[PDB]
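In the form deposited in one PDB entry, a lone chain appears below as structure tokens.
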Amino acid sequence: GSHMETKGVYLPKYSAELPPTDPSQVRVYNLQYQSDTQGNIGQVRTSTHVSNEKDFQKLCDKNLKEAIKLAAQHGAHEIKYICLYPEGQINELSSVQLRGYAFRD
């Protein structure tokens, strides 16, 4: 599929800034349950337009790599994430999204 821009935002629970962490050492887990969010310091949300991509695992991975980088920039030691898709018809103007919760040890 063609390259498309992956946008990301970090949504902190609190105003204090934490020292950045090394993104390669962020621990990454699947977000499986509501209770998994307990204790998080904030959320990371990323998204990429679908365009002509047919491999949606690649779009989820693209979202995840940006989410890891962004969460690490804001001090995360761990993220728990899920990739999300439109409930309606997917087309080239659709977006694949990721919701991640960031944690500090």
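Only residues modelled in both forms are compared. Whichever C-alpha set is largest while still superposing within 1.5 Å between the two forms counts as the rigid core. Quick note: we count residues from 1 along the sequence shown, nothing fancier.
Checked against the record, the higher mean CA B factor of 19-27 and 79-87 lies with 19-27.
Taking the PDB entry as given, 45-53 carries the higher mean Cα B factor of the two stretches 45-53 and 66-74.
Among all modelled residues in this chain, the alpha-carbon of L93 has a temperature factor (C-alpha) in the highest third.
Absent from the display: the form deposited in another entry. The rest refers to it.
Looking at CA displacements between this form and the one not shown with the core superposed, a shift of 2 Å or more is confined, among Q73, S51, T37, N30, to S51. Superposed on the core, the two forms differ at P86: its CA moves 2 Å or more between this form and the one not shown. Regions where at least three consecutive shared residues each shift by 2 Å or more at the C-alpha between this form and the one not shown, after core superposition, span 51-54, 85-90.
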